[PDB]
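Participant: Sharing coords.cif below, mmCIF, N, CA and C atoms and all ligand atoms:
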data_my_file
#
loop_
_atom_site.label_atom_id
_atom_site.label_comp_id
_atom_site.auth_asym_id
_atom_site.auth_seq_id
_atom_site.Cartn_x
_atom_site.Cartn_y
_atom_site.Cartn_z
N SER A 143 18.25 11.26 10.84
CA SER A 143 18.35 12.49 10.00
C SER A 143 17.24 12.50 8.95
N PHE A 144 17.58 12.87 7.71
CA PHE A 144 16.65 12.71 6.60
C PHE A 144 17.28 11.78 5.55
N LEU A 145 16.63 10.63 5.38
CA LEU A 145 16.91 9.69 4.32
C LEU A 145 15.76 9.83 3.32
N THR A 146 16.05 9.75 2.02
CA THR A 146 15.00 9.73 1.02
C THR A 146 14.34 8.35 1.04
N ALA A 147 13.19 8.26 0.37
CA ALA A 147 12.47 7.01 0.22
C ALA A 147 13.37 6.01 -0.46
N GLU A 148 14.16 6.49 -1.44
CA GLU A 148 15.07 5.62 -2.14
C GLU A 148 16.18 5.15 -1.20
N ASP A 149 16.69 6.02 -0.34
CA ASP A 149 17.66 5.61 0.69
C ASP A 149 17.08 4.47 1.53
N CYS A 150 15.86 4.68 2.04
CA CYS A 150 15.23 3.69 2.89
C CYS A 150 15.05 2.37 2.15
N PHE A 151 14.68 2.45 0.87
CA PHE A 151 14.44 1.27 0.06
C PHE A 151 15.74 0.51 -0.12
N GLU A 152 16.83 1.24 -0.36
CA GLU A 152 18.15 0.65 -0.55
C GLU A 152 18.59 -0.03 0.75
N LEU A 153 18.36 0.62 1.89
CA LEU A 153 18.71 0.04 3.18
C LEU A 153 17.87 -1.20 3.45
N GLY A 154 16.59 -1.14 3.03
CA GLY A 154 15.69 -2.26 3.17
C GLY A 154 16.19 -3.46 2.40
N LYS A 155 16.74 -3.20 1.21
CA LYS A 155 17.24 -4.27 0.36
C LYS A 155 18.51 -4.86 0.95
N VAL A 156 19.37 -4.04 1.58
CA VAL A 156 20.53 -4.58 2.28
C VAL A 156 20.06 -5.49 3.41
N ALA A 157 19.12 -5.01 4.25
CA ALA A 157 18.58 -5.86 5.31
C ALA A 157 18.00 -7.16 4.75
N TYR A 158 17.25 -7.05 3.66
CA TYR A 158 16.60 -8.21 3.08
C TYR A 158 17.63 -9.23 2.63
N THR A 159 18.71 -8.76 1.99
CA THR A 159 19.72 -9.66 1.48
C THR A 159 20.50 -10.29 2.63
N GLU A 160 20.54 -9.67 3.82
CA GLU A 160 21.13 -10.30 5.01
C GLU A 160 20.12 -11.16 5.79
N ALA A 161 18.89 -11.32 5.28
CA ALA A 161 17.82 -12.06 5.97
C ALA A 161 17.54 -11.41 7.33
N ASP A 162 17.68 -10.08 7.40
CA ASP A 162 17.19 -9.33 8.53
C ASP A 162 15.80 -8.79 8.21
N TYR A 163 14.79 -9.59 8.51
CA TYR A 163 13.43 -9.24 8.14
C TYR A 163 12.85 -8.20 9.11
N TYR A 164 13.43 -8.07 10.30
CA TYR A 164 13.02 -7.03 11.24
C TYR A 164 13.36 -5.66 10.64
N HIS A 165 14.63 -5.49 10.23
CA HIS A 165 15.04 -4.20 9.72
C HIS A 165 14.46 -4.02 8.31
N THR A 166 14.26 -5.09 7.52
CA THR A 166 13.60 -4.93 6.24
C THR A 166 12.25 -4.22 6.41
N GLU A 167 11.47 -4.67 7.39
CA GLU A 167 10.16 -4.10 7.61
C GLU A 167 10.28 -2.64 8.04
N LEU A 168 11.19 -2.33 8.95
CA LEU A 168 11.37 -0.95 9.37
C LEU A 168 11.71 -0.03 8.19
N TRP A 169 12.72 -0.40 7.37
CA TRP A 169 13.17 0.46 6.28
C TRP A 169 12.08 0.60 5.21
N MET A 170 11.44 -0.51 4.88
CA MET A 170 10.45 -0.51 3.82
C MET A 170 9.22 0.25 4.26
N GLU A 171 8.83 0.11 5.52
CA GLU A 171 7.70 0.88 6.02
C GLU A 171 7.99 2.36 6.00
N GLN A 172 9.24 2.74 6.33
CA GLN A 172 9.60 4.15 6.26
C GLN A 172 9.56 4.66 4.81
N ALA A 173 10.05 3.85 3.86
CA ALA A 173 9.98 4.21 2.45
C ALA A 173 8.53 4.38 2.01
N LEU A 174 7.67 3.44 2.39
CA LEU A 174 6.25 3.49 2.03
C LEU A 174 5.57 4.72 2.62
N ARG A 175 5.91 5.07 3.87
CA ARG A 175 5.30 6.22 4.52
C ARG A 175 5.70 7.50 3.79
N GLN A 176 6.96 7.58 3.35
CA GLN A 176 7.43 8.77 2.67
C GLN A 176 6.80 8.89 1.29
N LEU A 177 6.64 7.77 0.57
CA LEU A 177 5.94 7.76 -0.70
C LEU A 177 4.49 8.17 -0.51
N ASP A 178 3.84 7.65 0.53
CA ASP A 178 2.43 7.94 0.80
C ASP A 178 2.20 9.40 1.15
N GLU A 179 3.22 10.08 1.67
CA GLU A 179 3.13 11.51 1.96
C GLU A 179 3.53 12.34 0.74
N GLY A 180 3.82 11.69 -0.38
CA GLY A 180 3.97 12.39 -1.65
C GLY A 180 5.40 12.74 -2.02
N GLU A 181 6.39 12.10 -1.38
CA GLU A 181 7.78 12.30 -1.78
C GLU A 181 7.96 11.92 -3.25
N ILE A 182 8.70 12.75 -3.98
CA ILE A 182 9.04 12.46 -5.36
C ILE A 182 10.28 11.58 -5.35
N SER A 183 10.22 10.45 -6.05
CA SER A 183 11.19 9.38 -5.94
C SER A 183 11.06 8.48 -7.16
N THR A 184 12.14 7.77 -7.51
CA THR A 184 12.10 6.83 -8.61
C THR A 184 11.68 5.43 -8.16
N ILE A 185 11.62 5.16 -6.86
CA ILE A 185 11.22 3.82 -6.46
C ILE A 185 9.70 3.79 -6.51
N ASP A 186 9.13 2.64 -6.84
CA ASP A 186 7.68 2.54 -6.85
C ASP A 186 7.21 1.73 -5.64
N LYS A 187 5.99 2.10 -5.22
CA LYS A 187 5.33 1.49 -4.10
C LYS A 187 5.27 -0.02 -4.28
N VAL A 188 5.12 -0.50 -5.53
CA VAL A 188 4.89 -1.92 -5.74
C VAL A 188 6.12 -2.71 -5.31
N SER A 189 7.32 -2.24 -5.65
CA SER A 189 8.51 -2.97 -5.24
C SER A 189 8.70 -2.91 -3.73
N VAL A 190 8.42 -1.75 -3.11
CA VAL A 190 8.50 -1.63 -1.66
C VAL A 190 7.57 -2.64 -1.00
N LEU A 191 6.32 -2.74 -1.48
CA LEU A 191 5.33 -3.64 -0.89
C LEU A 191 5.75 -5.10 -1.08
N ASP A 192 6.42 -5.39 -2.18
CA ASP A 192 6.86 -6.75 -2.47
C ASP A 192 7.87 -7.22 -1.40
N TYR A 193 8.86 -6.38 -1.09
CA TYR A 193 9.83 -6.71 -0.05
C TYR A 193 9.17 -6.73 1.33
N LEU A 194 8.31 -5.75 1.58
CA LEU A 194 7.67 -5.61 2.88
C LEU A 194 6.78 -6.82 3.17
N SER A 195 5.98 -7.24 2.18
CA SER A 195 5.08 -8.36 2.38
C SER A 195 5.86 -9.61 2.70
N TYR A 196 6.97 -9.81 1.97
CA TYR A 196 7.80 -10.98 2.21
C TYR A 196 8.44 -10.94 3.61
N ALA A 197 8.97 -9.78 4.01
CA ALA A 197 9.57 -9.65 5.32
C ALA A 197 8.54 -9.93 6.43
N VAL A 198 7.34 -9.40 6.29
CA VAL A 198 6.31 -9.57 7.31
C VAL A 198 5.87 -11.04 7.37
N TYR A 199 5.80 -11.72 6.23
CA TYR A 199 5.52 -13.14 6.21
C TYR A 199 6.60 -13.92 7.00
N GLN A 200 7.88 -13.60 6.78
CA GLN A 200 8.95 -14.25 7.52
C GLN A 200 8.81 -14.08 9.02
N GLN A 201 8.29 -12.93 9.43
CA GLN A 201 8.08 -12.69 10.84
C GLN A 201 6.88 -13.46 11.38
N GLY A 202 6.15 -14.18 10.53
CA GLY A 202 5.02 -14.97 10.99
C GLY A 202 3.71 -14.17 11.08
N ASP A 203 3.68 -12.92 10.59
CA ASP A 203 2.50 -12.07 10.65
C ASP A 203 1.67 -12.23 9.37
N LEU A 204 0.93 -13.34 9.31
CA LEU A 204 0.24 -13.76 8.10
C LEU A 204 -0.86 -12.78 7.71
N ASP A 205 -1.60 -12.26 8.68
CA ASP A 205 -2.68 -11.31 8.41
C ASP A 205 -2.11 -10.04 7.78
N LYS A 206 -1.03 -9.51 8.35
CA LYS A 206 -0.40 -8.34 7.76
C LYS A 206 0.18 -8.65 6.38
N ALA A 207 0.75 -9.83 6.19
CA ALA A 207 1.29 -10.17 4.88
C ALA A 207 0.17 -10.24 3.83
N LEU A 208 -1.01 -10.73 4.22
CA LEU A 208 -2.13 -10.81 3.30
C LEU A 208 -2.59 -9.39 2.92
N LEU A 209 -2.69 -8.53 3.94
CA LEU A 209 -3.12 -7.17 3.71
C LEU A 209 -2.18 -6.46 2.73
N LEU A 210 -0.86 -6.65 2.92
CA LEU A 210 0.12 -5.99 2.08
C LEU A 210 0.07 -6.55 0.67
N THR A 211 -0.21 -7.85 0.55
CA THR A 211 -0.33 -8.47 -0.77
C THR A 211 -1.52 -7.86 -1.51
N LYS A 212 -2.62 -7.66 -0.79
CA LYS A 212 -3.81 -7.06 -1.40
C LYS A 212 -3.53 -5.63 -1.82
N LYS A 213 -2.79 -4.89 -0.98
CA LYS A 213 -2.43 -3.52 -1.34
C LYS A 213 -1.60 -3.51 -2.62
N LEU A 214 -0.68 -4.46 -2.75
CA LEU A 214 0.18 -4.53 -3.92
C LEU A 214 -0.66 -4.79 -5.17
N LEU A 215 -1.58 -5.74 -5.07
CA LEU A 215 -2.44 -6.14 -6.18
C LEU A 215 -3.39 -5.02 -6.61
N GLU A 216 -3.83 -4.18 -5.67
CA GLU A 216 -4.59 -3.01 -6.04
C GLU A 216 -3.76 -2.13 -6.96
N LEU A 217 -2.44 -2.05 -6.73
CA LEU A 217 -1.61 -1.16 -7.53
C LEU A 217 -1.10 -1.83 -8.81
N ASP A 218 -0.93 -3.15 -8.78
CA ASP A 218 -0.45 -3.92 -9.92
C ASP A 218 -1.19 -5.25 -9.98
N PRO A 219 -2.41 -5.27 -10.55
CA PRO A 219 -3.25 -6.47 -10.49
C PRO A 219 -2.63 -7.70 -11.16
N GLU A 220 -1.63 -7.50 -12.04
CA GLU A 220 -1.08 -8.64 -12.77
C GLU A 220 0.21 -9.17 -12.15
N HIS A 221 0.62 -8.64 -10.99
CA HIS A 221 1.88 -9.04 -10.40
C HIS A 221 1.86 -10.54 -10.10
N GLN A 222 2.86 -11.25 -10.63
CA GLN A 222 2.82 -12.71 -10.68
C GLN A 222 3.01 -13.32 -9.28
N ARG A 223 4.04 -12.90 -8.56
CA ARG A 223 4.32 -13.46 -7.24
C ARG A 223 3.24 -13.05 -6.23
N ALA A 224 2.74 -11.80 -6.32
CA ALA A 224 1.72 -11.39 -5.38
C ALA A 224 0.45 -12.22 -5.61
N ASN A 225 0.12 -12.50 -6.88
CA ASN A 225 -1.05 -13.31 -7.19
C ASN A 225 -0.89 -14.71 -6.62
N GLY A 226 0.33 -15.27 -6.72
CA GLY A 226 0.61 -16.56 -6.11
C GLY A 226 0.46 -16.51 -4.59
N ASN A 227 1.01 -15.47 -3.98
CA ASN A 227 0.93 -15.32 -2.53
C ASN A 227 -0.53 -15.25 -2.08
N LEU A 228 -1.33 -14.46 -2.78
CA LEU A 228 -2.73 -14.32 -2.45
C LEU A 228 -3.42 -15.69 -2.50
N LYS A 229 -3.20 -16.47 -3.56
CA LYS A 229 -3.90 -17.76 -3.65
C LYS A 229 -3.50 -18.67 -2.48
N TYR A 230 -2.22 -18.62 -2.09
CA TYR A 230 -1.79 -19.36 -0.92
C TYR A 230 -2.54 -18.91 0.33
N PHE A 231 -2.60 -17.59 0.58
CA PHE A 231 -3.23 -17.10 1.80
C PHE A 231 -4.72 -17.44 1.78
N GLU A 232 -5.35 -17.34 0.62
CA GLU A 232 -6.76 -17.66 0.51
C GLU A 232 -6.99 -19.15 0.77
N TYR A 233 -6.07 -20.01 0.32
CA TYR A 233 -6.20 -21.44 0.57
C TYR A 233 -6.18 -21.70 2.07
N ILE A 234 -5.17 -21.16 2.76
CA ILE A 234 -5.07 -21.28 4.22
C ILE A 234 -6.34 -20.78 4.93
N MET A 235 -6.87 -19.64 4.49
CA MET A 235 -8.03 -19.05 5.14
C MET A 235 -9.26 -19.93 4.90
N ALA A 236 -9.39 -20.47 3.69
CA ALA A 236 -10.48 -21.36 3.36
C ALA A 236 -10.41 -22.61 4.24
N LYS A 237 -9.20 -23.12 4.46
CA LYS A 237 -9.00 -24.27 5.33
C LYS A 237 -9.49 -23.97 6.75
N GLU A 238 -9.08 -22.81 7.29
CA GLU A 238 -9.46 -22.43 8.63
C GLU A 238 -10.99 -22.32 8.75
N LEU A 239 -11.63 -21.71 7.75
CA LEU A 239 -13.08 -21.55 7.76
C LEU A 239 -13.79 -22.91 7.69
N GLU A 240 -13.28 -23.81 6.83
CA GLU A 240 -13.80 -25.16 6.74
C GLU A 240 -13.75 -25.83 8.12
N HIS A 241 -12.62 -25.68 8.81
CA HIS A 241 -12.44 -26.23 10.13
C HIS A 241 -13.50 -25.69 11.09
N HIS A 242 -13.68 -24.36 11.14
CA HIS A 242 -14.67 -23.77 12.04
C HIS A 242 -16.06 -24.31 11.74
N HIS A 243 -16.41 -24.47 10.46
CA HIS A 243 -17.75 -24.91 10.11
C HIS A 243 -17.98 -26.39 10.45
N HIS A 244 -16.94 -27.15 10.76
CA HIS A 244 -17.16 -28.53 11.17
C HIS A 244 -17.03 -28.70 12.69
N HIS A 245 -16.77 -27.62 13.45
CA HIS A 245 -16.48 -27.73 14.88
C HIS A 245 -16.91 -26.46 15.64
N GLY B 4 3.84 -21.87 0.10
CA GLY B 4 5.09 -21.14 -0.16
C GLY B 4 4.80 -19.76 -0.76
N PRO B 5 4.77 -18.69 0.06
CA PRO B 5 4.88 -17.31 -0.42
C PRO B 5 6.26 -16.96 -0.96
N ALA B 6 6.28 -16.36 -2.16
CA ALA B 6 7.53 -16.00 -2.83
C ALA B 6 7.85 -14.53 -2.58
N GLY B 7 9.15 -14.25 -2.44
CA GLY B 7 9.64 -12.89 -2.28
C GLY B 7 10.51 -12.48 -3.46
N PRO B 8 10.95 -11.19 -3.52
CA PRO B 8 11.87 -10.74 -4.56
C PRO B 8 13.31 -11.14 -4.29
MG MG C 1 7.00 -6.86 12.67
#
Translate the structure described by the file into structure tokens.
Ligand SMILES: [Mg+2]
Facilitator:
Amino acid sequence: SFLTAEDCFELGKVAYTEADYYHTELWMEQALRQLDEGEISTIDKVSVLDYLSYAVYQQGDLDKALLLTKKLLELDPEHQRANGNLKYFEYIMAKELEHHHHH
Amino acid sequence: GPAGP
């Protein structure tokens, strides 16, 4: 039917609290798409991206989790957990590059 | 360790 971005966000949070990261990603992506199309809503993109990035990381999609973390930081450069996540992903990527340069 | 909300 029609769920608001806030509806989707709330459903995403229920999924997240049940450790259903598949449905977390679906609900949060729908919330983000509706916000990106200009829906007026009290939820902010930053919180949606925070749940989405975490859910995508749980699914093992590290590249997508990095991209979402960067998107979050563009919107909130001082976000503490996103900054931590980024340094972790950059460490891993630096390791991989070091490996390639020795082999 | 990536942290979530
Ligand atoms: Mg997925």
Participant: Contacts of residue B:8 at 7 Å or less, counting all atoms listed in the file, minus same-chain residues fewer than 4 places along, as a count of residues only?
Facilitator: 3
Participant: Residues at most 6.5 Å from ligand MG 1 (chain C), using all atoms listed in the file? Could they come as a ChimeraX atom specification?
Facilitator: /A:164,198,201
Participant: So that I can check the surroundings of residue A:212, please list as a PyMOL selection string every protein, DNA and RNA residue that reaches within 10 Å of it, counting only C-alpha atoms and ignoring chain neighbours fewer than 2 positions away.
Facilitator: chain A and resi 191+195+206-210+214-219+224-225+227-228
Participant: I need the helix (DSSP H, G or I) residues of chain A per DSSP on the backbone, written as a ChimeraX atom specification.
Facilitator: /A:147-159,163-178,187-200,204-217,222-243
Participant: Select all residues near (15.3, -1.4, 8.3) (cut-off 8 Å, inclusive, file coordinates), counting all atoms listed in the file, and output them as a PyMOL selection string.
Facilitator: chain A and resi 150+153-158+162-172
Participant: Produce the centre coordinates and the three edge lengths, each in Å to one decimal, of the box along x, y and z that contains all listed atoms of chain B with 4 Å added on each side, as JSON.
Facilitator:
{"center_x": 8.6, "center_y": -16.3, "center_z": -2.2, "size_x": 17.5, "size_y": 19.1, "size_z": 12.7}
Participant: Nearest residue to residue B:4 out of A:239, A:233, A:148, A:226, using only N, CA and C atoms?
Facilitator: A:226
Participant: Restricting the calculation to all atoms listed in the file: of A:205, A:240, A:179, A:197, which residue gets closest to chain B?
Facilitator: A:197
Participant: Could you state the separation of atom N of residue A:211 and atom N of residue A:176 in Å, given to one decimal place?
Facilitator: 17.2 Å
Participant: Using Å and a single decimal, report how far atom N of residue B:7 sits from atom CA of residue A:223.
Facilitator: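 Taking atom CA of residue A:223 and atom N of residue B:7, their separation equals 6.9 Å.
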Participant: To one decimal place in Å, what is the distance between atom CA of residue A:230 and atom C of residue A:200?
Facilitator: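 Atom C of residue A:200 lies at a distance of 15.5 Å from atom CA of residue A:230.
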Participant: Complete chain B at the level of N, CA, C and O atoms, written as a short mmCIF file (atom, residue, chain, number, x, y, z; two decimals), in the coordinates of the input.
Facilitator:
data_model
loop_
_atom_site.label_atom_id
_atom_site.label_comp_id
_atom_site.auth_asym_id
_atom_site.auth_seq_id
_atom_site.Cartn_x
_atom_site.Cartn_y
_atom_site.Cartn_z
N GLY B 4 3.84 -21.87 0.10
CA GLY B 4 5.09 -21.14 -0.16
C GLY B 4 4.80 -19.76 -0.76
O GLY B 4 4.53 -19.65 -1.95
N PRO B 5 4.77 -18.69 0.06
CA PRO B 5 4.88 -17.31 -0.42
C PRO B 5 6.26 -16.96 -0.96
O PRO B 5 7.26 -17.19 -0.29
N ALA B 6 6.28 -16.36 -2.16
CA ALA B 6 7.53 -16.00 -2.83
C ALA B 6 7.85 -14.53 -2.58
O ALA B 6 6.97 -13.67 -2.49
N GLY B 7 9.15 -14.25 -2.44
CA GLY B 7 9.64 -12.89 -2.28
C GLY B 7 10.51 -12.48 -3.46
O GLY B 7 10.80 -13.30 -4.34
N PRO B 8 10.95 -11.19 -3.52
CA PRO B 8 11.87 -10.74 -4.56
C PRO B 8 13.31 -11.14 -4.29
O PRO B 8 13.53 -12.36 -4.12
#
